[PDB]
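Included below are structure tokens for two forms of one protein chain, each presented in isolation as structure 1 and structure 2.
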Structure 1
């Protein structure tokens, strides 16, 4: 029995009031929140999958780049590509900063992020779950030996398949896969434990910059109690879900507007242009 929309929650004014009153908010983010930072998303015309279709045409499809059964067959394309998506030196967006402030004020239950760019950490968001893992560690496909990212980093930027140092040198599949979640893999245990704790505590869900096309993250809106209000902030509507309020557009533009309506420290996040103040 899927989640219907609440008839009594509709407007941007309603959204502001909820942000004012709610104190256990889940923010579910996807690649859209980093687009303004200079990191393209996955599924848009200028995104990762479109690029992969051009730069790696031999793949059965762009998704195969992040598919565990394909990686097992041939990990060479991924290690040719991985440095392109390795965390760089980008600055967090306004949306990241907004989420960080909510957490600072004690109002953020969790930021479930699908991104591997680590910008939530840079922004000082603490209550993060990296749903789709990260490059922070790597794990041998065969024996599950773990290493820190610095152990495979050199190989990654040299576009070479890093080798397990424990397994036999003649074991073909003894390769160190960074612990980014691929299609066909489990999400980190942290995700499942956090969701079990959070689902009956959340009092507001805000989805920002995601197409919610991948499970189980895409199941979050239907897994929480139906009465919990849901707000979408995204360039595109999500026709497969029933949000209460749909704010469609650039997420920094929309969050900027919400921040000014909230006032207090939220308006202060938007330091450009400069507001009226005494020197």
Structure 2
């Protein structure tokens, strides 16, 4: 278990670390998207309420992320996919901050739990979407891969996107966006990245996540104890020992940090 470093405490300390460290890992949760104006999709009232009147077969919001229900009726998922699809919402200040840090080469990796795909829109290249995203779509059968744009037309017109390779008389020959559905396994890319990034990171920043769900929750405990860990979240996380606790709205705190960093970061305000 990691003990909190006694020599790293202040927001000035965090600012200096942000200036000196060159291989930063940023863990982001739902907190970096709350200002983007995205309707919730994990409860009621949420998107499930509007989908209940259209698709009376949905037992719960979680069903649209279940592979078995998806095979029976993929339509309610694709109506959800249309509402959250990339390009419809603007990335928050937190995304822009991470994107700039990647442009300057200071970003080792951004591990996120979000599926809103705002990282790609923001121009962040070194991303790892642990729960997947709409970045790519893949056929359920022949595993043919296409870009996000290749299925934008169908999803927008509420037509279930079909696979061009598989036979046209094939029922389940449909392009499913690479969101990690229930039961499915984490992409191989994640574990290779985490295995070696952990021995490469010099600074860990957590932004807007409670760190209660796997596999992102396990990351802070898997990196060497000497690496500084900064928390940027609305609530403290008692089950962890962060060196710096910046508590409050993520956009507010990031804005403050950008002000203190100056340079290209200040121009983000």
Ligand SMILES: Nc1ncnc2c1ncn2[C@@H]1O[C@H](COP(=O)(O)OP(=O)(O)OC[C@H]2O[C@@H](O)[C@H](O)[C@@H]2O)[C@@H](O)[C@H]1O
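Take the two forms, superpose them, and find the largest set of C-alpha atoms that agree within 1.5 Å; that set is the rigid core. Positions refer to the first chain, counted from 1.
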| query | finding |
| --- | --- |
| Which of the two shown structures is the form deposited with the named molecule bound | 1 |
| Residue among 192, 107, 199, 80 whose Cα moves 2 Å or more between the two structures, once the rigid core is superposed | 80 |
| Per-residue C-alpha change between the two structures, residue 62, threshold 2 Å, rigid core fit | yes |
| Residue 127 C-alpha moves between the two structures by 2 Å or more, core aligned | no |
| Per-residue C-alpha change between the two structures, residue 208, threshold 2 Å, rigid core fit | no |
| Rigid-core-superposed Cα shift at residue 176 between the two structures, Å | 8.1 |
| Shift in Å of the C-alpha at residue 96 between the two structures after core superposition | 0.2 |
| Per-residue Cα shift, residue 39, between the two structures [Å; core superposed] | 2.8 |
